[PDB]
Amino acid sequence: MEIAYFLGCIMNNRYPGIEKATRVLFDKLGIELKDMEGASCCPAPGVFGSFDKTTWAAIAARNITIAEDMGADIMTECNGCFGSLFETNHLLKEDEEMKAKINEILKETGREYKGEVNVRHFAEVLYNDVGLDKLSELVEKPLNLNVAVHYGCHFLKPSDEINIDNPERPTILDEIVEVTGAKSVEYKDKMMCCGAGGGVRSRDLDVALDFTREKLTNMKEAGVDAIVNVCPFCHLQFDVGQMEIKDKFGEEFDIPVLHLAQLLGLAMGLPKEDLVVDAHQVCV
Amino acid sequence: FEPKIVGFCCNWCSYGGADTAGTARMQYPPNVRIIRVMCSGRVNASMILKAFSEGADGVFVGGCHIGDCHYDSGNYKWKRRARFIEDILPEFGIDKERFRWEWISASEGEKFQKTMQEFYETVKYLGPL
Amino acid sequence: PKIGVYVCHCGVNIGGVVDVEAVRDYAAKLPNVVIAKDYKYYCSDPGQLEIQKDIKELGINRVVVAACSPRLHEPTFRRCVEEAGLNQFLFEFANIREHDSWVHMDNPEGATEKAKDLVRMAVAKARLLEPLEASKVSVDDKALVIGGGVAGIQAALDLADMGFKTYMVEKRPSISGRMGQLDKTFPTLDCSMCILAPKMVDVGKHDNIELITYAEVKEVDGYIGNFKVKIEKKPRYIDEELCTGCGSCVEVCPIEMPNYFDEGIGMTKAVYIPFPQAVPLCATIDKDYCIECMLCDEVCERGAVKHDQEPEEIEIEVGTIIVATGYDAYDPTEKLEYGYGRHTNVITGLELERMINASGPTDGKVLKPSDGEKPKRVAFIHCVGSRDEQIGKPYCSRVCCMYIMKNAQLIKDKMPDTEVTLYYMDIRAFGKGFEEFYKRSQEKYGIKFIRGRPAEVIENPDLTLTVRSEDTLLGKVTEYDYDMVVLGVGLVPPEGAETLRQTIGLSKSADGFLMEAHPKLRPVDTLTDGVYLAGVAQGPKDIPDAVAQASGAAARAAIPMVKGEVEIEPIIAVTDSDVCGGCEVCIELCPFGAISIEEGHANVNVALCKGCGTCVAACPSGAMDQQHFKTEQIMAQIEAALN
Amino acid sequence: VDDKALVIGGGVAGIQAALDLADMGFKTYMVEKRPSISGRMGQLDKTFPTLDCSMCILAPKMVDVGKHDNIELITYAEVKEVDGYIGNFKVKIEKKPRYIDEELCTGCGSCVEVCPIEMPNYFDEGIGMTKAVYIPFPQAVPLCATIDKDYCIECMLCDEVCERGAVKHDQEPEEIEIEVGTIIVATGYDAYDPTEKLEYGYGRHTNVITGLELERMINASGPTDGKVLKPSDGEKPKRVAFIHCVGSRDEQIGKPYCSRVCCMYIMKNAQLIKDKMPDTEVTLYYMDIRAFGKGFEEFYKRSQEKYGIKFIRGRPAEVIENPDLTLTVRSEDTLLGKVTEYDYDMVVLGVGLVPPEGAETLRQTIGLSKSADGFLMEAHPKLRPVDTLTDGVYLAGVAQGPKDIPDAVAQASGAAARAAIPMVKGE
Amino acid sequence: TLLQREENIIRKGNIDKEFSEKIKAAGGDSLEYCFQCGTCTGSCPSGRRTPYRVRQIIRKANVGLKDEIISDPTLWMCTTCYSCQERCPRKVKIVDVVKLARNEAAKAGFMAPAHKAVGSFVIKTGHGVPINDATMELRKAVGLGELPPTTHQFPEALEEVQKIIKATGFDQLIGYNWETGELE
Ligand SMILES: Cc1cc2nc3c(=O)[nH]c(=O)nc-3n(C[C@H](O)[C@H](O)[C@H](O)COP(=O)(O)OP(=O)(O)OC[C@H]3O[C@@H](n4cnc5c(N)ncnc54)[C@H](O)[C@@H]3O)c2cc1C
Ligand SMILES: Cc1cc2nc3c(=O)[nH]c(=O)nc-3n(C[C@H](O)[C@H](O)[C@H](O)COP(=O)(O)OP(=O)(O)OC[C@H]3O[C@@H](n4cnc5c(N)ncnc54)[C@H](O)[C@@H]3O)c2cc1C
Ligand code: SF4
Ligand code: SF4
Ligand code: SF4
Ligand code: SF4
Ligand code: SF4
Ligand code: SF4
Ligand code: SF4
Ligand code: SF4
Ligand code: SF4
Ligand code: SF4
Ligand code: SF4
Ligand code: FES
């Protein structure tokens, strides 16, 4: 199997360990990751979708046309990038005049959007294409960890279009986490936003940090050992906002932040160097 | 060019659909002429061929939705007859786009209006037979 | 053929678009027409008098009316002609209002030409019409009532008091329906059982009522006055004729199973009596839980225990049917954000009704499911399972507001110190005394109303519940703690509704309930003749509305049974034996098997034939022909439509 | 027990009850105070939630009543005395003088065309005119003319133009005595008069109308030929406001009950205005939207989604007439939490339902008790909705309380059954 | 003084019907059919720590209070978490309405400096979060290239992105100055 590999911005520019773990895991699983040469920001929905819909859609359409020229479906392991690309794909597929406008914009770049590929999430690919049995067969050593799973808002919502899992009480990420031996611990307001989406992190950092602080308080009384996410935008929010909260209000949350790929690599016995925990501001 | 169109509609759903379109005041071209039958199963190829031979430029048949026939299964028989009629008509220079058959429920006035308008446009574009 | 043509102005509904002078003038000049007249309102009494006078004077033997759709007024003009001596089937209808005038307003000239063509087609058909005598069939003076709730009980008692022998089929072991489960009723707060039990006893004692409980209707065949009904009586494993309802078998039984009457919060034995006021007061054994220990067999003194009982098949012949199957309560398990079935102290309105009743499982004490202790804070949530497109329930359940307020008032009455809060979108206190009841909920009992549809219910570690909801009138989010949360679940069609609907052959409305013949003027009739609706079977409503509907259904079903005869339409196939070759390609095309072969010729049974015309269309040689829809008539109409 | 019944009121409820009783084989009298039967249903243009034509479905029933062998129709008459008991009621009725012979009049209308005196038409609810001799509406049953002597000048032109000799200026009131076994009261309702709501300015502001007046105006056969026009200048309003709960749920006027139908017909009339005039802006001021009946919530959603009718949750504080005769509604938007002063070309008051004129006299004549809301009281609020504690007397329709057409029809059929039971038993 | 003659009353002067029609035509059609139940606001996580009220935004959009919406800071408190849209009993596309209102606000000049900085980063490098030296060395240590195969590595891809930005008008919206490569 071959699938186009979209990196985004945060994973490849602040936390390359997630990218390394994903590459190693997908090489082990027998899936070829094809690089989307010349890809750019998806662009992050929070700012670009809020400022100008046409520009956001055009940039996302160019990103999609890269994968269309390679023949493959796009795989992304970021909730924000998945949301942006997936939303642009269904809009253009089910909207001919918008498609014509986007193609008129794209003509100057020597590209044309054809609506020929699908946008897929890393977790969804792991759950469906691979299955839990194959993932279990690859676990070299079970983990002894209590983890708080952060689904992120844009993994499963809007659920009418995505149709991956129930957005109120999902279980997909919990199952993928638990095949590793880690225990997915329930905590209050588990499905709450991290506060980074919609451009809020850069508009009002205090509000986003309040989101993150409420989530961290709930996770801490749940008595968890780590946070598992499938969004580099949530990953960065948690990791950097823990220290920001430490400096601002002095509250000391010392919960490591791990991407699902990093947790799978830990359960698969990958080298400690490949996880690149040095990029994390919260020590793992 | 104003095409001549003849319509056959079952008493229970398609005729009811036309009545619903009328009550809602849904306008459509006046070329069609509706003939009432109790069931679409009453319609056979002889009526369609007679209509085309007498000067009709289009023939419409309306029936209950499959599974909704008042008389249980007449519309199935009509559907078979209609497929055979579409087979037969082109052999004598009559385009099968001049013969339309649809399932219209008694409450589907808007669908009936759209069907009438689109069929009129098609038949007019085809021109005189 | 002397054809008289009557073009209706309908005020300005045809006249305004179509020239009822130019159209009458053409009709007078068309071959075989001996009169052409126009009247403002022909369906009215003066118009029918004009038609009758014309028939009597000019000797018209064919009547053509250019008026609205035949589906509206064909029977009207048919009985008009007869009172003036003509046969009913000599009359023709031209549709120039729904088909011509209301759909071609922007083309008056095209509208008039279409009206001329349609009247020409109508006269062409009328030329070849012939008299057909319609056959009368007797109407059985018996009624079946399906469902033993308040509506069904009312319908059965009304029919039996009017003298008709009535059957009442009830799937539960006892009658009462949902009204027997209620403690009190709004807006009066009177005891529901105290007023329902006498009616149940009346049903159980009536000479004209045959009560068949623990039974279901399996098959329905036939038509109005002539319904054949196959009913399946499930085995009680208790002899109804012998059992006295003492309850010793219940006392000795070792097995415990849920009591359906208590709605999942009450227990009884494998042998049980649903409630003390059951009618018939008889025991029932649920074999899913019976271990065949024979203790009930040994303790019974009447010898009423029958562990070898079998299901029984009953066949009845009735003239009318009244469906009164009621409803089920919405199951809010799918509303995950409210946590029903997951949070311990979240209950439904019907469960609260069972819990507040003195005869309920808790002896009338409102107690928390978690600890057996009275809640100090209670929240009610309105519109659960209703007015929600996220679950495909876009309708109002019409009673949840009032019974929510009633149960809040009852909780305040029993436990005055309790705090009660209601979360509502609209307060629909529309009925008689309902607005006063709504005001009394605040003035007298001090119930708190928050206009806000709750976003979430969160269970805290101590098992209390935080309702997170906006107060839209304060315009602010609130998170309030409560010891108990009650979901105001709506009403849905009962389990097995589709099976019975298909068995009878009825249609359903958009909300899933059974559809009435006309929303405004025939609320209790259906389009199936001889079948009527009563109560929540037709849609959610309160007890007085259901009782009124039951009485109306009784009247409507009594009308034809008093008449004793119905007319059969004669639009049936007829075989020309001299032309028929006995090819038999027509028999299988009749879904009712009306066609057989006698003496090598096709023969149609009038009773079985319904008049679809499929066989006639199938016959190549034309031996088969439908009355009133002959091939020559339709061919003439086709010819006139284009010439 | 006598096998004859008396139905008082010729509305949809009374028509249904009389037809049901007649079809069951009982000889029935119908008494109607107006010259023709139909009630308020005959005045409506369409009906919610289907927007079907009211008259198109009511007229066949009126004709059936008028030509039934088991029904004796006595219009323009009033019940004067009721004596006796169940099965043994002696009823004295007075047929008011039409001054037109019912047996001779064909309702051609020539006398109307020739009459020189203009007078208000009761069927048009104070916004339509007719002559001193009039037929209330074309579908009237009986189709017969009536002369109102409060306006007649005795010019005799009607006598000259009448070919049937049906004009009778010397007619006198007639006394009728009937013996019946059961009585069904179906006297309906009157629309609440909002003149006393001084802040809304009905009767003072030119462009303030009621819902029933709007029904007559929008009716294609109404005084304006179905056109919604400003009373001030006869032009179409570009902005229309609707006010809910006028005369209802208001303790300041002693009306603490819900009228149960004003929400639905307000939404229906807004939809009809939008259908006729798609460019009109329609706003509704409501407290609760009571869309409880079958298909009513969907009707409300359709009002918002398909027609773009605006809903403001707020009971208006005042209606102010501007110098140019436009109307400013001053009301809080409680969901915005702010006071709004919006301008409109027409304001329609969603008036409620009250017992009809002369209700107390008939109630005392029969001897019935009334409920707290002022309507007639039933024997049991739950299990006997159409019975009264007086044996042999039954209630049907809005006589028992506000409700819509299907509820009244069901009540009428149930009352027919309940009255038939004693007559079937015979003792 | 508490006196304020304009902020405490709504008249036709505060209403812009063209704004409502524009939002509805651009994909906010559903806001026409809000019944103001308040489920959205109760579900909103930013609603209980900021003055942001989503239901009131929907109501103002329906009414046509353009100035009250586009100039509102709280409009930017929505994280687009979609909870309200998931729970709306009328199926209103709440997030689409919020984004259309934000687009109008940006066109009106209500843009945060940090959002403009993100846009300028995308213009300059093609990435909302461009790479830094520390991440470059981290990548080289783990065998990833020094630069990811994005607009960082391929100048022609950056040129295509900048052409898209120029064609869509984004440069003008954020006030990006090509000559000096700054914001004005
Ligand atoms: C919690 C709650 C509180 C309420 N409180 C009040 C109140 O205070 N006042 C009030 O006026 N109304 C109240 N109502 C409404 C009231 O319950 C209904 O209006 C009334 O029960 C309807 O009666 P019914 O006979 O139409 O239906 P039901 O009461 O449901 O009776 C239907 C009967 O049909 C039977 N049946 C179903 N299917 C079949 C079948 N296939 N074959 C045979 N029999 C069948 C059922 O078992 C049952 O015996 C309340 C409702 C609820 C849910
Ligand atoms: C503006 C408006 C719009 C409405 N729209 C709808 C709608 O769209 N759909 C719907 O279902 N319902 C609608 N309704 C409600 C509907 O009008 C009533 O449900 C219905 O008219 C009740 O019929 P009724 O026969 O009980 O009473 P009425 O219609 O009032 O008829 C009563 C009859 O009794 C007569 N009468 C009165 N007193 C006496 C007396 N002393 N002696 C003899 N006769 C007497 C009256 O003159 C009249 O003929 C609407 C109501 C209003 C006000
Ligand atoms: S016959 Fe039909 S068209 Fe003529 S007045 Fe009656 S309803 Fe109207
Ligand atoms: S089965 Fe026997 S012991 Fe049991 S209730 Fe009936 S009579 Fe009593
Ligand atoms: S035989 Fe069955 S019902 Fe009887 S006592 Fe034993 S378990 Fe109970
Ligand atoms: S009656 Fe009240 S609680 Fe029940 S569905 Fe209607 S609005 Fe909701
Ligand atoms: S199809 Fe015609 S010829 Fe053949 S058996 Fe039937 S009636 Fe006779
Ligand atoms: S007309 Fe229809 S029902 Fe009648 S015999 Fe033929 S196929 Fe049967
Ligand atoms: S009174 Fe004479 S003129 Fe007047 S409507 Fe009657 S018949 Fe015609
Ligand atoms: S006599 Fe009276 S009713 Fe007749 S025309 Fe003169 S004023 Fe009119
Ligand atoms: S039905 Fe609606 S408008 Fe009429 S009184 Fe009740 S709440 Fe007010
Ligand atoms: S949940 Fe939907 S209907 Fe309710 S206030 Fe929010 S947008 Fe409006
Ligand atoms: S999408 Fe915006 S308005 Fe909706 S819940 Fe999330 S933050 Fe609140
Ligand atoms: S009745 Fe319409 S298809 Fe059979």
Side-chain angles (χ1 to χ4, degrees), chain B residues 7-21 34 36-44 60-86 99-115, chain C residues 71 217-223 227 321 323 325 392 493 495-517 526-531 533 537-538 571 573 586-595 608-618 626 629:
Chain B
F8 301 90
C9 286
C10 83
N11 174 76
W12 296 103
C13 277
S14 196
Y15 201 97
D19 277 349
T20 309
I34 289 156
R36 188 166 69 111
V37 287
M38 299 313 303
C39 181
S40 80
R42 181 69 189 84
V43 185
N44 64 7
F60 170 81
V61 180
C64 305
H65 282 270
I66 292 298
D68 277 56
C69 169
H70 189 80
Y71 302 102
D72 170 271
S73 50
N75 49 359
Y76 295 94
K77 327 269 187 290
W78 163 242
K79 169 147 142 273
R80 301 179 209 138
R81 283 171 208 155
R83 263 305 298 101
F84 193 39
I85 291 155
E86 293 168 338
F99 170 55
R100 212 190 163 169
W101 46 286
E102 306 282 355
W103 307 127
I104 312 286
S105 98
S107 51
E108 292 174 320
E110 157 76 293
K111 177 181 179 170
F112 184 89
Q113 183 213 9
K114 196 72 219 94
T115 306
Chain C
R71 290 160 67 242
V217 169
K218 307 302 273 216
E219 295 186 33
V220 176
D221 294 301
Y223 52 99
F227 287 115
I321 300 168
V323 188
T325 47
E495 232 161 56
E498 287 304 89
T499 297
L500 183 64
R501 182 184 62 88
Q502 301 155 14
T503 291
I504 296 159
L506 309 177
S507 36
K508 78 185 137 159
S509 40
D511 56 353
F513 292 88
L514 296 172
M515 206 183 72
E516 66 281 357
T526 80
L527 282 198
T528 303
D529 278 308
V531 180
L533 315 172
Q538 192 252 333
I571 63 127
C586 50
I587 292 115
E588 67 278 344
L589 307 173
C590 182
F592 324 108
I595 312 162
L608 295 205
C609 188
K610 304 289 161 225
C612 74
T614 302
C615 65
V616 174
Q626 187 177 19
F629 287 87

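A, B, ... follow the sequence lines: proteins, then strands. Residue 1 opens every chain. Computed from heavy atoms alone, side chains included, the values below leave out hydrogens, waters and symmetry copies.
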Atom of [X], atom of [Y] and distance for their closest heavy-atom approach:
| X | Y | answer |
| --- | --- | --- |
| B:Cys13 | B:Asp68 | SG-O, 4.4 Å |
| B:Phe99 | B:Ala82 | CE2-O, 3.5 Å |
| C:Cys590 | C:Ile595 | CB-CD1, 3.9 Å |
| B:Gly74 | C:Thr614 | CA-OG1, 3.8 Å |
| C:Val323 | C:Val531 | CG2-CG1, 4.2 Å |
| C:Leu608 | C:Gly593 | CD1-O, 3.4 Å |

Nearest-0.5 Å distance, [atom1] of residue [X] to [atom2] of residue [Y]:
| X | Y | atom1 | atom2 | value |
| --- | --- | --- | --- | --- |
| C:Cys609 | C:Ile571 | SG | CD1 | 7.5 Å |
| B:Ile104 | B:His65 | CD1 | NE2 | 6.5 Å |
| B:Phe112 | B:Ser105 | CZ | OG | 12.0 Å |
| B:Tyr71 | B:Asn11 | OH | CG | 6.5 Å |
| C:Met515 | C:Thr528 | CE | OG1 | 9.5 Å |
| C:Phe513 | C:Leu506 | CZ | CG | 14.5 Å |

Give the C-alpha distance, both sets of side-chain angles, the deciding distance and a yes or no for side chain to side chain contact (heavy atoms under 4.5 Å, CB included) between C:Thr526 and C:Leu514. CA-CA 9 Å; C:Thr526 80; C:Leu514 296 172; over 6 Å; no

Counting heavy atoms not belonging to C:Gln502, are there more than 12 under 6.0 Å from its CD? yes

B:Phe84 atom CZ, over 12 foreign heavy atoms within 6.0 Å: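 Result for CZ/B:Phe84: open.
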
Derivation and outcome, side chain to side chain contact (heavy atoms under 4.5 Å, CB included), residues B:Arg42 and B:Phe8: CA-CA 10 Å; B:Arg42 181 69 189 84; B:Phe8 301 90; over 6 Å; no

Got [X] and [Y] here, is their nearest side-chain heavy-atom distance under 4.5 Å?
| X | Y | value |
| --- | --- | --- |
| C:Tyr223 | C:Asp529 | no |
| B:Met38 | B:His70 | no |
| C:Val616 | C:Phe629 | no |

Can you name the residues that form a salt bridge (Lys or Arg N to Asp or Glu O under 4.0 Å) with B:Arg36, not counting sequence neighbours?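 Checked B:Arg36 against salt bridge (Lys or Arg N to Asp or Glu O under 4.0 Å); matches are C:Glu74.
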
Test salt bridge (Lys or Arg N to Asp or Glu O under 4.0 Å) applied to B:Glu108 - qualifying residues, sequence neighbours left out: none

I'd like to know whether B:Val61 forms a side chain to side chain contact (heavy atoms under 4.5 Å, CB included) with B:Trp78, so could you lay out the CA-CA distance, the side-chain angles of the two residues, the decisive distance to 0.1 Å, and finally the verdict. CA-CA 9 Å; B:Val61 180; B:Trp78 163 242; 3.3 Å; yes

Starting from the C-alpha separation in whole Å, work towards a yes-or-no answer on side chain to side chain contact (heavy atoms under 4.5 Å, CB included) for B:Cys69 and B:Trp12. CA-CA 8 Å; B:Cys69 169; B:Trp12 296 103; over 6 Å; no

